[PDB]
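Trainee: Following this note's numbering, the numbering of the sequence shown begins with 28 at its first residue and continues without gaps. Note that CB positions come from ideal geometry on N, CA and C, so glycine has one too.
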Amino acid sequence: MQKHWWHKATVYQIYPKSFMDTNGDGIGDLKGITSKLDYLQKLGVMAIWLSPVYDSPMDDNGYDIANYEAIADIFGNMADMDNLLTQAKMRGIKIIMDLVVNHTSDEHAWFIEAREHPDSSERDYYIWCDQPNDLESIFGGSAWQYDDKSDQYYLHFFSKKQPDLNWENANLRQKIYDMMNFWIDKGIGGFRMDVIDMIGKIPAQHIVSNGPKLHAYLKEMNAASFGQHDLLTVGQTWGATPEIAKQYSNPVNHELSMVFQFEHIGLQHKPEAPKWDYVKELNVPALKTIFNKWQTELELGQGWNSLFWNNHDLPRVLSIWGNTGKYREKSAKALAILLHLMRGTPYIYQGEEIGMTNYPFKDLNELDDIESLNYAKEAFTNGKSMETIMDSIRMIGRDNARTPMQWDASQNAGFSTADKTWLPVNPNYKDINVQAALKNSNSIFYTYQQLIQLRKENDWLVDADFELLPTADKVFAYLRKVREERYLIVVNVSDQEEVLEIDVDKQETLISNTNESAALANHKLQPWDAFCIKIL
Ligand SMILES: *[C@@H]1O[C@H](CO)[C@@H](O)[C@H](O)[C@H]1O
Ligand SMILES: [Ca+2]
Ligand SMILES: [Ca+2]
Ligand SMILES: [Ca+2]
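1) Assign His183 to one of two classes, buried (16 or more other C-beta atoms within 10 Å of its C-beta) or exposed (fewer than that).
2) Indicate whether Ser186 and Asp87 have their beta-carbon atoms separated by less than 8 angstroms.
3) Is the beta carbon of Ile98 sitting closer than 8 angstroms to the one on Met108?
4) Of all residues in the structure, which have a C-beta closer than 5 angstroms to any heavy atom of ligand 3, taken in chain order?
5) Tell me, which residues are paired with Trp155 by DSSP?
6) Hey, would you say the C-beta of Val517 is under 7 angstroms away from at least one heavy atom of ligand 1?
7) Can you list, in chain order, the residues of its chain whose CB lies under 7 angstroms from that of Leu341, leaving out five sequence neighbours each side?
8) Would the C-beta of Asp340 count as close to ligand 1, meaning under 7 angstroms from any of its heavy atoms?
9) To the nearest angstrom, how far is it from the Cα of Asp52 to the Cα of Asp446?
10) Just to confirm the assignment, what range does the beta strand (DSSP E) spanning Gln40 have?
11) For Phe335, name the three-state secondary structure that DSSP assigns.
12) Could you tell me if the beta carbon of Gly55 falls within a distance shorter than 7 angstroms of some heavy atom in ligand 2?
13) Nearest CA to the CA of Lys202: which residue from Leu314, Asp221, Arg219 and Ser148?
14) May I ask you to verify whether the stretch 432-441 touches the stretch 452-464, counting CB pairs closer than 8 angstroms and requiring at least 3?
15) List the DSSP bridge partners of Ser539.
16) In the DSSP assignment, find the beta strand (DSSP E) that holds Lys508 and state where it starts and stops.
17) Nearest-angstrom Cα distance between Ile375 and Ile471?
18) Which residues bound the alpha helix (DSSP H) around residue 22?
19) Measure from the alpha carbon of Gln114 to the alpha carbon of each residue in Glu379, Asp396, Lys58 and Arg150, then state which is nearest.
20) Grab the span of the alpha helix (DSSP H) containing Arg142 for me, first residue to last.
21) Tell whether a beta-carbon distance below 8 angstroms holds between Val222 and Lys228.
22) To the nearest angstrom, how far is it from the Cα of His242 to the Cα of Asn196?
23) To which residues does DSSP link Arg219 through a beta bridge?
24) What is the DSSP secondary structure of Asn94, reduced to helix, strand or coil?
25) Using a Cβ-based criterion (distance less than 7 angstroms to any ligand heavy atom), does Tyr90 qualify as near ligand 1?
26) Strictly closer than 6 angstroms from CB to any heavy atom of ligand 4: give me those residues in the order they appear in the chain.
27) Flag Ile347 as yes when its Cβ comes closer than 7 angstroms to any non-hydrogen atom of ligand 2, and as no otherwise.
28) From this set, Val261, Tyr90 and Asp486, which residue's C-alpha is nearest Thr131's C-alpha?
29) Identify the residues that DSSP records as bridge partners of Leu394: which are they?
30) Taking Cβ to Cβ, would you say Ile54 is nearer than 8 angstroms to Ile122?
31) Please say whether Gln295 and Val306 have beta carbons closer to each other than 8 angstroms?
Structure representation (structure tokens):
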């Protein structure tokens, strides 16, 4: 297999509104982001996933884009963007632009010209209809919004202020590619293609994900954009099996670098139930099955897979699958080690490296996410009490991932110098902040640092195969094997003392959050024990 720069990279995702504020309005800035590039470089990340900073009414907080080639003035101007690119480049860090091309804002020029002047060419950039079907919006209600000015329903799989783009229109596609080339020529490191599995939509036939012309569109995109350059393109794929992932990310097909898939995330809720009917107790054997499926059936050279616990749309991994009290940091290290020592590109969400958690939202007002608000308003008149709803949201609501980045124990955790922040800062910033994590030599942060370094310096993380070992239910253990080399990874995914019935000859320790000698000797693991050792 022929390697690329991103085959040894670890990606750090920054949520701009909640990273660092430097003008005291309670919202994060581009300058705030640039001011922490030394911290990110110290962490050892190679690429930064930058959540949308484009012009937006912020209906879906940046994912309703009104202009792809302008910076929202709440984040600064284009000069700030270019400066961020430059300063990150100087520190060996590439910027990966988050991109939404399935739909735009309704305040985007294309749509404005489209519902005005229905004789425009922009009219066909969007999906217009006379006789709507039963397609529902992911954020609730119908997917068709009746515009009474033009007497036509337009398609929106998300909010009504997020009309879908018509990807059967090659001219629209062309303009998209024009924008992409615009950002590419600004010297970015790649793209995160959000929801990109939806561009092959045929709404008339009730087709959303995995369309028939999907990979043709992705091939066209590649050939017209990043296909010539050397960029990391990660696509978010909802309908994703290992074979589909192959179709997406096999280097021969000339489409994407890798996929971003949520099958293991699906274990956060009951089978085929809405994500609001959550499950705290993680089914670790199920996670073993899924992880093994994606580690084995996605062979080297035939595709590449992403490694992630959480992002801006998910609950922080500690609140859903980890520990938030006694073994908080230990559980965080355990999960980190567990995920990062598999094959693929690991993704770290901001604050995960210090082990941040979900926020204790008590009432509906202090929320912001349109998805949570819609779910709440529906469920309230659908037999659910406000307390049940608030519990469900406290567990699963996306706002839990969008609370300000906790840096220190200053005002607003050193995120902002304003009276209030756009979202509340979690009180645990008393204990959970970047300064304190940096001070402690053996903190979660340095575990992530060590993992990222091991990924940078050692080829086996890319080269070694994967073999699942038969352990206890809540014990996740595997082998990375390549040539003479054999690496054992052992992680106790439990709050309780578990069993380890194995004998190995330990040659050296690569990483450990506990006494691995004790665990190997007494054949039993303490809660959240995790290590990686080289064995003979
Ligand atoms: C993908 O796009 C959706 C819709 O704009 C947004 O809500 C998510 O946050 C993003 O990941
Ligand atoms: Ca600001
Ligand atoms: Ca009318
Ligand atoms: Ca102030």
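Mentor: Once the coordinates are examined:
1) Numbered from its first residue, the sequence shown carries residue 183 at position 156. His183 comes out buried.
2) Along the sequence shown, read from residue 1 onward, the residue named residue 186 stands at position 159. Along the sequence shown, read from residue 1 onward, the residue named residue 87 stands at position 60. In contact: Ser186 and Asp87 (Cβ atoms closer than 8 angstroms).
3) For this step, residue 98 is matched to residue 71 along the sequence shown. For this step, residue 108 is matched to residue 81 along the sequence shown. A contact, by the Cβ cut-off of 8 angstroms.
4) Cβ-based neighbours of ligand 3 within the cut-off: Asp175 and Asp178.
5) Here residue 155 corresponds to residue number 128 of the sequence shown, with the count starting at 1. According to DSSP, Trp155 bridges with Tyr181.
6) Mapped onto the sequence shown, residue 517 falls at position 490. No.
7) Indexing the sequence shown from 1 puts residue 341 at position 314. Excluding its 5 nearest sequence neighbours in each direction, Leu341 has C-beta neighbours in its own chain below 7 angstroms: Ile292 and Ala428, listed in chain order.
8) By 1-based counting over the sequence shown, the position of residue 340 is 313. Shortest gap from the CB of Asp340 to any heavy atom of ligand 1: under 7 angstroms.
9) As a first step, residue 52 is located in the sequence shown; it is residue number 25 there, counting from the start. As a first step, residue 446 is located in the sequence shown; it is residue number 419 there, counting from the start. When rounded, the distance between both Cα atoms is 8 angstroms.
10) Taking the sequence shown and counting its residues from 1, one reaches residue 40 at position 13. Run containing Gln40: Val38 to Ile41, per the beta strand (DSSP E) assignment.
11) By one-based count along the sequence shown, residue 335 stands at place 308. DSSP places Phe335 in strand when its eight states are reduced to three.
12) Position 28 of the sequence shown, counted from the start, is the residue given in the question as residue 55. It does: the Cβ of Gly55 is within 7 angstroms (strictly closer) of some heavy atom of ligand 2.
13) By 1-based counting over the sequence shown, the position of residue 202 is 175. Minimum Cα-Cα distance from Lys202 among the listed residues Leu314, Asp221, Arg219 and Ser148 corresponds to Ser148.
14) The stretch 432-441 vs the stretch 452-464: in contact.
15) Numbered from its first residue, the sequence shown carries residue 539 at position 512. Paired residues: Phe558.
16) The count along the sequence shown starts at 1 and reaches residue 508 at position 481. Judged by DSSP secondary structure, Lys508 falls within the beta strand (DSSP E) whose first and last residues are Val502 to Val509.
17) What you label residue 375 is simply residue 348 of the sequence shown in a count that begins at 1. What you label residue 471 is simply residue 444 of the sequence shown in a count that begins at 1. Rounded to the nearest angstrom, the gap between the Cα atoms of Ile375 and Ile471 is 12 angstroms.
18) Not covered by the structure: residue 22. The range shown for the chain is 28 to 563.
19) Position 87 of the sequence shown, counted from the first residue, corresponds to residue 114. Selected option, being the one with the closest Cα: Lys58.
20) Position 115 of the sequence shown holds residue 142. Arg142 -> alpha helix (DSSP H) spans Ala136 to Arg142.
21) Within the sequence shown, residue 222 is the residue found at index 195, counting from 1. Within the sequence shown, residue 228 is the residue found at index 201, counting from 1. In terms of Cβ geometry, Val222 and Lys228 do not form a close pair [threshold 8 angstroms].
22) Here residue 242 refers to the residue found at position 215 of the sequence shown. Here residue 196 refers to the residue found at position 169 of the sequence shown. Between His242 and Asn196, the C-alpha separation is close to 15 angstroms.
23) Residue mapping note: residue 219 aligns to position 192 of the sequence shown, counting from 1. Partner(s): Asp125 and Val261.
24) As a first step, residue 94 must be located in the sequence shown, where it is residue number 67. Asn94: strand per DSSP, three-state reduction.
25) Along the sequence shown, one-based indexing puts residue 90 at 63. Because some heavy atom of ligand 1 lies under 7 angstroms away, the Cβ of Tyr90 counts as near it: yes.
26) The filter returns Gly51, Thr444 and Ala445, in chain order.
27) As a working mapping, residue 347 is identified with position 320 in the sequence shown. Ligand 2 never approaches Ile347 closely enough for any of its heavy atoms to be under 7 angstroms from the residue's Cβ.
28) One-based indexing of the sequence shown puts residue 131 at position 104. The residue with the shortest Cα to Cα distance from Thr131 is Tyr90.
29) Within the sequence shown, residue 394 is the residue found at index 367, counting from 1. According to DSSP, which records beta bridges pairwise, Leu394 is partnered with nothing at all.
30) Within the sequence shown, numbered from 1, the residue matching residue 54 stands at position 27. Within the sequence shown, numbered from 1, the residue matching residue 122 stands at position 95. No, they are not a contact pair.
31) Here residue 306 is taken as the residue at index 279 of the sequence shown, counted from 1. Here residue 295 is taken as the residue at index 268 of the sequence shown, counted from 1. For the 8 angstroms CB-CB criterion, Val306 and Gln295 form a contact.
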